[PDB]
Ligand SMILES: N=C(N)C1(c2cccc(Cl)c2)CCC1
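What follows is one chain in structure tokens, specifically the form deposited without this ligand.
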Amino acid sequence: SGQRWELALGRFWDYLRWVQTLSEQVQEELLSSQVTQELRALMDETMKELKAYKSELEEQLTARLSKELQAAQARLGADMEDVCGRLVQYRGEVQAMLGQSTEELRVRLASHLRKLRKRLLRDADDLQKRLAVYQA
């Protein structure tokens, strides 16, 4: 409901913010698949809560707003998917480097995540304001 999918998105954010640091613990868990499994779990919880919320809104109301909303919905999902895909890719690349320095890979991952965070910010804000106008 209103804040349900938002609270779930907040939990994805909390985790992402820790991952962004790419400390050695993050790295241990990135390479063991724990980070990606958990972020993926938080993303799924988010999109499903959003789906349920938008479906309930759609149900109680008496259509451009609608199609745009779907798209805004897709944008957030894609932002979260990209984050996940970025981390999964990093793991794959590192495991193929045979112990060689991962420095450049991490600098690049960091930059990708900083950019996606700016996207998550505006995309969620856009979804929030659209869901609010949609309301019957």
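Numbering starts at 1 and runs along the sequence shown.
Colleague: Count of coordinate-less deposited residues separating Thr62 and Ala63, as none, 1 to 3, 4 to 9, or 10 or more?
Modeller: Unresolved stretch here: 4 to 9 residues.
Colleague: For the C-alpha atoms alone, is the average B factor greater in 64-72 or in 91-99, going by the entry?
Modeller: On average, C-alpha B-factors are higher across 64-72.
Colleague: Return whichever of 52-60 and 24-32 has the greater mean Cα B factor according to the PDB record.
Modeller: It is 52-60.
Colleague: Compared with the other modelled residues in the chain, in which third is the CA B-factor of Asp44?
Modeller: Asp44: CA B-factor falls in the middle third of its chain.
The form deposited with this ligand bound exists for this protein as well; it is not shown, and the discussion that follows is about that form.
Colleague: Quick check: superpose the C-alphas round the site, drop in this ligand from its position in the deposited bound form, and tell me whether this chain leaves it open or blocked (blocked if 3+ atoms sit within 2.4 Å of backbone or C-beta).
Modeller: Placed partner leaves the pocket open.
Colleague: Please determine whether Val19 contacts this ligand in the deposited bound form, using a 4.5 Å cut-off between heavy atoms.
Modeller: Contact check for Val19: no, nothing within 4.5 Å of this ligand in the deposited bound form.
Colleague: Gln25 versus this ligand, in the deposited bound form: is there a non-hydrogen atom within 4.5 Å?
Modeller: No, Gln25 sits far enough from this ligand in the deposited bound form that none of its heavy atoms falls within 4.5 Å.
Colleague: Is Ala124 close enough to touch this ligand in the deposited bound form, meaning at least one heavy atom pair within 4.5 Å?
Modeller: Residue-level check for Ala124: yes, a contact with this ligand.
Colleague: Could you run down 3-34 and flag each residue that has a heavy atom within 4.5 Å of this ligand in the deposited bound form?
Modeller: Those in contact are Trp5, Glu6, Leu9, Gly10, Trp13.
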